[PDB]
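J.: Here you go, one structure.
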């Protein structure tokens, strides 16, 4: 079952585009310290990517004594992997204040002034080059994306997000799945069902019950890629050119990773009908 | 001997235009806590006004076990009032980092970024409105003045200073005093003497033999008004017009207080010792 926990952690990390390699690393039978460090680093990256807004908490992941994996927030264990991925989502639930747009209203540095996202570029350049610490609120960018940026100590962070609840990403994958069906009778059946059950309810009802339960057990129903965070340090943390380069890089990373997740989800949904 | 302590404190605070009123406070049977609070408030005012560059340290003043007053800098007693004014001056000496112009080189927020001393006002307004914490270096103002500004949390500070070592202020006051002279021959002789003995000494050359010694025992022998700090809070701390108005207010207050010091010192030198 231990390799099961390793694989499950890898599955959850891959939903945020993190090549965890935890199974491959504990396959080398490394010490507890190395595995815990990898767990924590991967968890932090995935937290930055999922767009949960929890930059104001310190996220850690560690190996327990009974063979489970425990997640921790500010040193307080939130949940355990065996509890269930749905349990993990429900645990993180009250720790969020997402608005209608789906964007974290919590600040990253804690309490303090937050310049509005509408700030023109020049003022932002001044803040980056000369201010000490600061944070801007979300501002819309091309492609219906949103962006914010904040400096903590010597590290600048740029977050670019296009919110999509897990259900919405599954819906996008379902549209991609329907588009590719060639047996037109089945396609028309799904279209018939959609008008009342949503594209999702339709597609998922086309699956057999075992596939429905499997989906219920997967992480993809709760976690998907929603944002990317790029970090600069040192002098680069106070350079306008590097800031713009990092912003565009983060936008491209979001595009690429979201496309990858959509393809993966499309394949997962397809696998639920091939054997039905 | 107790009353002399409060009188000396009041006179020392009068060197910075701060009417301490500690003597009247202790006379009216105030608790030790109130005495301590008033002492520290007045001392911090005079510290912001003396232009010693030690805003980066928390100053305290308390009443001791033997009935004296003890001055502490970050908890370390520098000197007690009875020890003498020159004692306190030499105790303050080691922590100074005055440059060739006589202006503080120390930072005010501690380690961290500091804006340049030529930052265009357009960027400065952005900093005031939108940064969280910031501090600029000294930038020259009109009439040999110098100005700097910094925000800490919710409080914005603007300091305007013109360098003047105590002895330099005494010299300028003596210049005024001899300028008022009516007998041309006396004026010429005093001006001739100053070219060698220093103007202050030349003026003191016509008085009781006490003269120099008695003047050295006065507060002004080691303290003079070099700077003024104006503080804003709340939304005012993030308003450009308020910043400009506060800069003007601080400059005007500097001018007024330095003029009062000059006038009072000139008359004092005119009559002087009168030790009784």
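J.: Residue under question is residue A:20, and the condition is that it be under 26 Å from residue A:96 (Cβ atoms) and not in a loop (DSSP other than H, G, I, E, B); does it hold?
T.: The answer is no for residue A:20.
J.: Tell me whether the range A:255-263 contains one or more residues that are surrounded by 13 or more Cβ atoms within 10 Å (Cβ to Cβ), in contact (Cβ under 8 Å) with a residue 40 or more places away in the chain, touching a strand residue (DSSP E or B) at 6+ places or on another chain (Cβ under 8 Å) and in a helix (DSSP H, G or I).
T.: Checked the range A:255-263: at least one residue is surrounded by 13 or more Cβ atoms within 10 Å (Cβ to Cβ), in contact (Cβ under 8 Å) with a residue 40 or more places away in the chain, touching a strand residue (DSSP E or B) at 6+ places or on another chain (Cβ under 8 Å) and in a helix (DSSP H, G or I).
J.: Test residue A:231 against the stated conditions and say whether it is under 22 Å from residue A:55 (Cβ atoms) and under 23 Å from the mean Cα position of the chain (by Cα).
T.: Yes, satisfied.
J.: For the range B:121-200, which fully contained helices (runs of 4 or more DSSP H) count at least 1 residues that are within 14 Å of chain A (Cβ to nearest Cβ) and in contact (Cβ under 8 Å) with a residue 24 or more places away in the chain? Break it down into steps so the answer makes sense when it comes.
T.: Working: elements: B:121-130, B:166-179, B:184-197.
Hits in the range B:121-200: B:121-130.
J.: Specify the residue that is farthest from residue B:231 (Cα to Cα); the eligible residues are those in the range B:165-191 that are within 20 Å of the chain's Cα centre (by Cα) and buried (at least 20 other Cβ atoms within 10 Å of the Cβ). First the steps, then the outcome.
T.: Kept after step one, since they are within 20 Å of the chain's Cα centre (by Cα), are these residues of the range B:165-191: B:165-174.
Next, only the ones that are buried (at least 20 other Cβ atoms within 10 Å of the Cβ) stay: B:169-170, B:173-174.
Numbers: B:169: 26, B:170: 29, B:173: 30, B:174: 34 Å.
Out of the qualifying residues, it is B:174.
J.: Take the range A:232-243 and flag every residue that is out of contact with any helix residue (DSSP H, G or I) (no Cβ under 8 Å at 6 or more places or on another chain) and either in a strand (DSSP E or B) or under 23 Å from residue A:17 (Cα atoms) (or both).
T.: Within the range A:232-243, just A:233 meets the criteria.
Note that we place each Cβ from the backbone using ideal geometry, even for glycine, and neighbour counts take in every protein chain shown. Read-outs throughout are calculated quantities, based only on the coordinates presented, and are distinct from any laboratory measurement.
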